[PDB]
Each structure stands twice: as structure tokens, then as C-alpha cells.
Amino acid sequence: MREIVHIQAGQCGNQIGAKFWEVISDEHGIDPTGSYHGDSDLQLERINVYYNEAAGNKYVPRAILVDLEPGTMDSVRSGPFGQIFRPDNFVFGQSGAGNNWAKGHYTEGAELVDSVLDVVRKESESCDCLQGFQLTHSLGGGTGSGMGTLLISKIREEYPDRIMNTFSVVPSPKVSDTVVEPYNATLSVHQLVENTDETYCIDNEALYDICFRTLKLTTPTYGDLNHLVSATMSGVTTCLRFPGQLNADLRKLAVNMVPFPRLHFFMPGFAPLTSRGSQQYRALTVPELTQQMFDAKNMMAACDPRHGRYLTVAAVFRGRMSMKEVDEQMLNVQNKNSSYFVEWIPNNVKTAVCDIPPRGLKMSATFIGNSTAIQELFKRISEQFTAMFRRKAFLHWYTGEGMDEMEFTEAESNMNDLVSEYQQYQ
Amino acid sequence: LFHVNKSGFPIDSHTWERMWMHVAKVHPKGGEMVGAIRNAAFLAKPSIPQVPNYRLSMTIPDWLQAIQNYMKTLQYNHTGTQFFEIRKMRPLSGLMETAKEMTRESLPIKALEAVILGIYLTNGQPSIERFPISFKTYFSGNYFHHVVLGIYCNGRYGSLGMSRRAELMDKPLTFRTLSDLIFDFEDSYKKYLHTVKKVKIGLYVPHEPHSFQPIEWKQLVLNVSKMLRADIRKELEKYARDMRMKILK
Amino acid sequence: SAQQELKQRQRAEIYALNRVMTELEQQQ
Amino acid sequence: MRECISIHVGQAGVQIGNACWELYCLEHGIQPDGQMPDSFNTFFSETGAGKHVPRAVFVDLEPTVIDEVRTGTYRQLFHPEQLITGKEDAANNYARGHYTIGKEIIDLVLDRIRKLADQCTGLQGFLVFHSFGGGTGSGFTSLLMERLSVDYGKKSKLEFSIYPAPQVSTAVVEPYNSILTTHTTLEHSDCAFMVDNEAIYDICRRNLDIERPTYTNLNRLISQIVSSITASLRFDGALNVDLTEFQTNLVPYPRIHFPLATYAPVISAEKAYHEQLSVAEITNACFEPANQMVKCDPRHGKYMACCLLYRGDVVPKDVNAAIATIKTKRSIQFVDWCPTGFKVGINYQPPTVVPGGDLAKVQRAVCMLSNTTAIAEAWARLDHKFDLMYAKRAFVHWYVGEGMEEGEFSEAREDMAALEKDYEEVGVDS
Ligand SMILES: Nc1nc2c(ncn2[C@@H]2O[C@H](COP(=O)(O)CP(=O)(O)OP(=O)(O)O)[C@@H](O)[C@H]2O)c(=O)[nH]1
Ligand SMILES: Nc1nc2c(ncn2[C@@H]2O[C@H](COP(=O)(O)OP(=O)(O)OP(=O)(O)O)[C@@H](O)[C@H]2O)c(=O)[nH]1
Ligand SMILES: [Mg+2]
Ligand SMILES: [Mg+2]
């Protein structure tokens, strides 16, 4: 009950989802063959949130995988914990989108959408109480940016009463490996505003900075960044699966943190992140966790929180800890930083506490902030957009797929509209 | 004695006719102008004084002056009928609500609600600090009482308030000592051949508007008439030192 | 609607009356 | 032949009920499995073979806390039908608890009440436990109390709520829930006993010397107060005070029935040796402002009526002496229209201490209830919170999306303003 359907689109989404499933399975004590080899009874109590039982007393994830290039499925099945997925949930195209938004949403994306809605529908009648959906993808592409938005639009048509949780990776200016990011990014966020309840923006630049500066890694591959994102994802949905002193599911966060219907873009955090060398020079107390959460260098989106206020904040602690410590800490944190918090909301922190921490720690805390500083990112994207769209660069490829020109102007208008709306409350 | 409105607003029939009977009785000519104003088809609409706003450039003595001229502009009540019922022991927040609704309506004002208005206006300035002063005095075989609001901005003592008389309700920030201020009030009082008997001083009012701290009025009290002014000055300066260091509690 | 006109009349008459008694106190 | 049935709604109510039923099972000697190894009749039913069933109804729209109770150490105490569970929480939304998600469960609980109240002969009232901040504890309690009030017109209902603290808080939409619940708590219940978390945190930090207290300690203290209230119904003493007696003593006017509770002596096991803890000492400890379980200063108000439920080794002469010394003090200000303002009650059973907890095994204790006017501060602050948010219409779309109407938000505010005005206009002199 309160189950969640998980969908993965694009290479980035597929890899982050694979890491997320490895983390979740490790947390619940599931073998990579699908069997159970845990110790406690709390693991089985809410295993149905992310898993379906099967004959032979194994568990299969409730996951759907989509891409337009069959190589990603090959890598996912070959990789670790890839066998748990049942084969019929994989669906693939013939030729990838070629970083073309119009190709992954109009031309070849439509010819495969029916299978994904069919398997999603078949999974949604394999339950009784569905809380919502969640999708991992990248806005800088054609296979994740276009097909993803098409999929959420169709689903929101089907189930207006549920919720969606898109953990989208946004494109960064400096760390760019593509020439046509702004077009795809703007075209996707045109549709993300309306057909989604919570979007967690993630940036590769901020993740790389976290690995270099905090974890002191020498050669951070994509595995480490995917591990950090997976830790955040597992932190968000912990109160559905384990008991605590103050529970908070997805809808509680949605009502706490969405003051107005369109202001639902967040940037997460996580603590404690410590290098191997500095393991023994720390006390691991609630004040340390709270100081590390609100640090400007601990944000997962490449934005400066000092350049704007916080409409609303949440912090899902994890571990056996006092409640007075938490209440006094998230009170004095607001007291010292009154300039960084909005005056017309008397309380800005929605604190929740769980009891079961991660496997390798004693305490953790997933920080989720809703600040007016996020729009920084969008302005940068808009700048790049209006740099290329003025001279109509690379635009004939999108028109060749049947897309019209006015859609770009409409999406840019929506971008200015949303950025102004965030700017308003500051 | 003057009576008090207690029916909120508008004024009920009983207090209405009572006030009109009172003013008819006291006014020697009486019914002529009373009935003329009752049955006046059209009368001039009074203007709304605008509440001044604090500005950083202009100086603080001019700020106290400005509040004083606004209060003067508000046409001090001598109709003999209070319009806003005040309680001494009531918590401060109720008095802030009373002050803000009074500014909204902008009706005639007497000394007590005048000093409440002064507190409400000056509540926005941590540098400014204010407190109440009261006198119980004797004249013509009857006792009377008066209340004003003293201020201790920029290491200088000043006074605001209201009265039917002119110089008993307003002084500037030009006093080195509280004793000089109270003795100036005593001399102005003697100028009307009214004898002060007792003098009372309270405490600095807190700067938080929405609080339940009541207003103190009797923390210091002396019988000024009996004692010679030297001891009065000494005790008063001791008390002023005890106050400005926040020791008293 | 008529309540605000009632308050208008009340403040106008009481202002005029207060002016009259201020003049009388000047006489006294 | 003297009874009351308990309803626990929401996480806070269920978690307080855990401690409460632990305490009651401890006091009468009932094992966790309900098997004793006729004072229990107030809270337990005997059903042959010595099995004792509490008269409780555990309810929650979310199944996790009720499942925690089902798997806990008292799985064998309650019979299974009482533990009712929904499918999805109210999610801090009044409109989901009251209108949308409350409809599907309300009948299934009401009939259960109709069963329990049909097993008892004489019934004195109800003991409802809830929280104001939540979406379940507000909306579902509204629905349940409306239904019971239209059903049983003349049965007293005692709410034991948890009012939000001034500064400490754990939710962003608490004022909207509390202001909406103010209509049900007034006009349906009979005596609501407000409680804060910040006040009990301070009490545990200062008196008990605990630097890191969690919710278990707060629940234990609240359980001690409720067990003190429902003590004259179970044991016998010099003076006995049932529900309606102290209801007539406390509530002066029909619309002001919000007393604030207190307890004494709360002391650690170490400081007990250096303390005498006579009747005069504990009686004076109830009136100091550092022991009120609502974050408000009673020195800025007046006491309308008071009720001093003693228990343990006490005799009435000491109580009269202590009340005399209290009446001599000028700091403790009473109201002029209440020349006598103390309802005394003595009981012979001393307090009971849970083994896992941290409280001294004292020999006498007093529970003080006061219908003072200082409670308005605890309301006034919250109104300001509402005023700051509703001005911008923040979060209103969530509530209006669940079928709720917007005008109710202003209606609740004007009702609360009327309550504060009525509470202030009494207490004036003469
Ligand atoms: N944290 C991570 N970021 C990634 C990862 N892979 C890609 N990214 C970023 O994703 C961006 C593009 O992602 P994708 O290759 O998935 C675009 P997509 O596959 O959906 O379209 P097609 O290539 O046409 O199939 C790229 O600029 C990378 O900077 C990853 O594994 N982890
Ligand atoms: N004293 C005490 N208070 C608690 C406890 N648990 C939660 N609270 C209070 O409850 C408030 C939040 O409302 P909840 O009672 O948790 O809401 P709910 O009853 O679970 O209803 P839902 O939100 O729909 O789940 C917080 O402000 C806490 O102060 C507890 O165990 N003891
Ligand atoms: Mg690709
Ligand atoms: Mg709950």
C-alpha cells in the first residue's frame, strides 16, 4: 500500500536508477538474485512499497526501463543487480533520439509510447493503494527530455489525483558535453511546470565540487555522483518504509513545501559527507549534521543560497536521536539566518525523524530546500537559449521533424514567466 | 465626572442622550447651539490627519515635535466624555490594538489615551525610550490627577502629553536631569496656583508591541509637598540611575 | 453602507461641538 | 457503574495512549497480556477467564503507528477490532481528514463506539486524545465530536490536546489546522486541557535534569496528569471528585472551559534525598510560573477557579493550611466575583512510577487545574501566525482543492477573536 512506480528514461536516468535500486536493495537486505537474506522484521514490513512478491518467495522491483537505444538495456542487465528486473518491463527503440527533442516526442517517440503506457498500466493494477510515480531523466537531451515529458503528460492525463516525483538532472553551463542543451532544456521545462508535483533539480557541477572538495576524491567517475544522487533519493522516501517518531510521506512534504501551485522546484542536500582521512576528527552529533546541511557548499544544485531566501525547508533525519535537539537546532538556525528566510511564513522548517539509519552510519539527514535562488539556473539557460535562437542555429533539425517554430517562442515565454514568479517573492 | 464609552462603536442611544444632556446642562446658553448642531442638515467634513512616518535623515527631537504637533492637530477632547475605554492593568497588546484603532478613527483624545498614543507612535525606535509620569495634586479644596509620558533619548530628558492648559503637556529634550524636568513641571503647576502633593514614576516600557507585560505606574512614589526639594532631587537622581541601568525589578 | 455615513456624521458633529466648548473654555 | 471510554486519534494521540495504558496496566497489576495474576472497572472489562479488555478505540488514517502498536508488546492487550486503520494519511490537511478521507472510515468507528457504550451500565463521559497541528487530529476529531454530540447530547467529553508551541514547531501549516479546530473544540467538548511540548521540554531539562529528552518523557508526564484526573473514580479518599463535580466547580460560564494543568513533585531520584516534599512545599510548587505546562506566564492573569487534586499521604488540615498561605500571597491574584476558588480532593493511592522511566518514588503528589485568564496569550500568538500567512493566501489552494470552502477560514478567525474577547471581558473588576 502507498506503492510507488519507478520509471527510468535515457542513459543518465537508467544509470542513476540502477544505482538507486542497488542502494534500496542493500538497505532492505535483498540479494541480487532477488532472494531475501536480511535480519530484522522491519525490512519485510513495508517491502511492498518498491517490490512485488513472486513465486519462490523472491521480490521483483516495480521498475520500468525505457530508452531509444538498446545498448543501455544491455549494460543494465549485464551490470550488478540487473537480474532482479523482469525482462518484460524492458522496452527499447531501434535508433536513439540523436539528442533531438522533436524526434523523441513526435516522430519516433510516439511509435513506442504505447508500450510504456501499457506496461505502466499493467503495473498500476498490480496494487491497491498507489501513492504516485517517480521518474529519473535529463533535460539536456532528446530521449530523456522529450520522451520523459510525453510520458508524464500522458500519465497525468490518466491519473489526475496521484503525485509525480521527477528527479531531473539539469544541464550545467560550464560542464557541458553537448551543443544544443538550451533548446531541449527549455522545451522540456515548458511541460514540467504543469504535469508534475515535485521536481528535484540536480547539477553535475555541484556534484563534482562535492566530490573534489568534501570527499577529497582524486578521480571521481560517474559512479560516485550517481551514488550521491541515489542516497538523496533513498532519503526522500524513507518514512514510507520505516517507522519513526514523526512520519512524513510524499503528500505531507508536498503540502508543507508548495505554498503556491507553480513553485515546486527544489534542490536537495545530504549529510554527513566526510572524506576517509577526516573520519576520526568529527563527533557525529545533531549540531554537526545541521551545520553541514545548511552549508552553501553542500547544495546539490549549482546555485548560491546566499543570493536568495528560503520559502520552505524540510529535513528528514535518520537515526535514534532526541527531539529537543532537533527542535532547538532548526530553531536557532532560523534565528541566526533571519535574512535568508521569508518573513511572511512564520515557520520554514518541516522536520521529520525516522529510526533506521543507513547501513554504514549512525545518523543522516536529507535536506530539501525551496529557495528563490533556484531561478539563477533558469536565467543562465535562457541566456544560452537566446544566444542560439537569435541566429536560428541548429534549428532546421527540429523543424525537419514536423515541429513548428512558434513553440520555441512559447517555451521562452514560459521561462520568463516562471523566473519572474520566483523573483516576485524576494 | 466625565463618563466613558463602552459600547464599542457606534455610540449607543443611552450614552448618546446622556452626553447630550450633559452638554446641554453645562453650556450656559444651552439649547440653541445644541439643537442647531443636532438639526444641521449639512456640516463640514473634518479632514483626516495623516500618521507621520519615521525617516532616518531628520532628527529625533524633531520627531518628538512632529508627534506633538499631530497630537495638537487631533483636537484635544474637552467634551467631557471618553470615547475609548482603557484599563490600567490590561496587558499591553490590548492597548496596542486600542491605539491602532484609535488612530484609524482619529477622534478627540485625553491625557491617558494621549500617552498611550505616544507609546504606540514611539514603539518603532529602539534608540528612543519612554516611560510614564503621574502627579496627584490639590487645588480649591479638591484633588486632581494628571499623567504624561517622559522620554530619555540621546542622554536627555523630554516630555509629551496632553492637557487643557498649554505648558503642562509638552517639553523638549533639553534637560540634563529628571529632577530639573519634574521641578519645571512643579513650577508650571504653581503658575496656576495648584499644589502638587504626590509624584509617581513608573518604568521604561518594553519595545515589543505584542506582549502581555502590563504598564507599571507606582514603582516610585513620593509626597513631594511635605519634603524639601534637596532630598527629592537626591532620591530622584538615585532612581533615574537605577532605571537607566535596568537594575530595578 | 449607511454605517460609514453614520460615523461621518458622528465625527463631524462631535468635532464642531468640541470646537464650541474650546471657544467656551477660552471665554472661561 | 462509573466509566469513561478513551479514543486516541492520530500519531500523537496514539503515542500518548501507549504510555497511558502502560501506566494503567501498571497501577492495577494487569500483565501486558491482560491477565491479572473491583477498581479496574473504570477502564477494563472482564470477559471470563480473567481477560481484561481496555475500553479504548485506537484510530488513525495512516496504518504505520497502529501497526507499530499491533506488533508491540501490548498486541495481546487490546482485542483486534478496536485498532482501526485507514489507507493514506490526512497529510497535515484538515480538509482531507474531515471531508475526503474521513468519510470512508467514520461509520466504521462510530458503530464501534456504539458497541462499547452499549456494554457499560453507567457511563460518565469520553476521554479523547488528539493534536491540533495535525490534519488527522483536527479534521477527524471535528467529524467524530460532531457525530457524538448529535448522538449523545448529555455526556461529557474531555479532550486532551497538544497545542502548538510559540517558537518550537514541526510543520508549516499548523495555524491553519488549529484555527479550524477551534470551532469543534469549543461548542462540542466540555473541558479541553491544552498542553505544549516546549513547556514540558523545559520541565524535563530543569526539574528532572535531562539534557536530551524525547517524546516518551512527555507522554509519561501527560499520562501522570490524566491518571491523576481519573483517580477519584477508581480509588477512595477523604474527598471524592468525579467528572461532573469538578465540571461544575471549574466552568463558570458555558463558553470558557479551557483549564491548564500542572503536576508536582517532578524531581529526579538524586535530588529527592535533599528534599522534604511536604504538603506545603508541593502546594507552593504548583503555583510558580516555572511549572505550567503551557508556555504562558500565569502572573499576567487571574485565576477564576482552581482545583487541587491531592493523592498519597495527605490530610485535610495541611491542605487548608497551604491554601491559607496561598491566599495570603499577593502575587497570586484571584478574581473578585469568586470569593472561594479552591475545590480540594484527597485520595489515598499514591503515585505510581513506571520502571523504565525517570521519576522519584515520592509519597504524595498534587495535580492542579486552573481556569486562569493567562491562557489567552497561548491563543493570541497563534492568531498572529494565521494573520501572517492568510494575508498572502499561502497554502490555501491545497485546502480548497479537497472540497473545502474559503469562507470558513475567515469564519474560524472571527470565532477565535470572539472567544478571546469573551475570555478577556470576564475577569474585569466587580
Ligand atoms: N550524474 C550523472 N550525469 C550524467 C550521467 N550521464 C550523463 N549525465 C549527463 O547527461 C547528459 C546527457 O544525458 P543523456 O546521454 O542521457 C541524453 P539521452 O540519452 O536521454 O538522449 P539520447 O542520447 O538521444 O538517447 C550529459 O551531458 C551528461 O553530462 C550519469 O551517468 N551520471
Ligand atoms: N507530546 C507529543 N506530541 C507529539 C507526538 N507526536 C507528534 N506530536 C505533535 O503532533 C504535531 C503534528 O501533528 P500530528 O499529531 O503528528 O498529526 P497526525 O495526528 O499524525 O495527523 P497526520 O498529519 O494526518 O498524520 C507536532 O507539532 C507534534 O508537536 C508525541 O509523541 N508526543
Ligand atoms: Mg542517449
Ligand atoms: Mg500521522
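Going from the start of the chain as shown, residues are counted 1 onward.
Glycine residues also receive a Cβ, built from the backbone N, Cα and C atoms like all the rest.
Going by Swiss-Prot, these are the annotated features:
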- D:10-12, D:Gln15, D:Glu62, D:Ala90, D:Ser131, D:134-137, D:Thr170, D:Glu174, D:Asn197, D:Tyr215, D:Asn219, D:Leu243: GTP binding site (BINDING)
- D:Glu62: Mg(2+) binding site (BINDING)
- D:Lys317: ubiquitin cross-link (CROSSLNK)
- D:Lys361: ubiquitin cross-link (CROSSLNK)
- D:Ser39: phosphoserine (MOD_RES)
- D:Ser223: phosphoserine (MOD_RES)
- D:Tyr273: 3'-nitrotyrosine (MOD_RES)
- D:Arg330: omega-N-methylarginine (MOD_RES)
- D:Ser430: phosphoserine (MOD_RES)
- D:1-4: motif 'MREC motif' (MOTIF)
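Cα spacing between D:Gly10 (GTP binding site) and D:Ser223 (phosphoserine): 17 Å, rounded to the nearest whole number. The subset of recorded positions (D:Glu62, D:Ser223, D:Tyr273, D:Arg330, D:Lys361, D:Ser430) lying with their Cα within 10 Å of the Cα of D:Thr136 (GTP binding site) consists of D:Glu62, given in sequence order. Checked against ligand 1, the recorded positions D:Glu62, D:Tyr273, D:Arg330, D:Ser430 give no residue with a Cβ less than 6 Å away from one of its atoms.
In sequence order, the recorded positions from D:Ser39, D:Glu62, D:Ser131, D:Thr136, D:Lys361 that place a Cβ under 8 angstroms from a chain A Cβ are D:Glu62. D:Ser39 (phosphoserine) sits 24 Å from D:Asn219 (GTP binding site), taking the C-alpha atoms as the reference points. Of all the recorded positions listed (D:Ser39, D:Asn219, D:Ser223, D:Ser430), D:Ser430 has the fewest other CB atoms within 10 A of its CB. Among the binding-site residues listed here, namely D:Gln15, D:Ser131, D:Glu174, D:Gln15 has its C-alpha nearest to that of D:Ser223 (phosphoserine).
A straight line from the CA of D:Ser131 (GTP binding site) to the CA of the residue listed as 'Mg(2+) binding site' spans 15 Å.
Among the binding-site residues D:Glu62, D:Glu174, the residue whose Cβ has the fewest other Cβ atoms within 10 Å is D:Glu62. In space, D:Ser430 is the closest of the recorded positions D:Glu62, D:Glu174, D:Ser430 to D:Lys317 (ubiquitin cross-link), judged by Cα positions. A simple way to gauge crowding: the CB of D:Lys361 (ubiquitin cross-link) has 10 other CB atoms within 10 angstroms, across all the protein chains here. Counting in whole angstrom, D:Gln15 (GTP binding site) lies 32 from D:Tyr273 (3'-nitrotyrosine) by their C-alpha atoms. Summarised by DSSP class, the composition of the motif 'MREC motif' (D:1-4) is 0 helix, 1 strand, 3 coil. With D:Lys361 (ubiquitin cross-link) as the anchor, the candidate recorded positions are D:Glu62, D:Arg330, D:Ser430, and the one with the nearest CA is D:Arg330.
Cα of D:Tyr273 (3'-nitrotyrosine) to Cα of D:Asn219 (GTP binding site): a span of 26 Å. For D:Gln15 (GTP binding site), the count of additional Cβ atoms within 10 Å of its Cβ stands at 21 [all protein chains shown].
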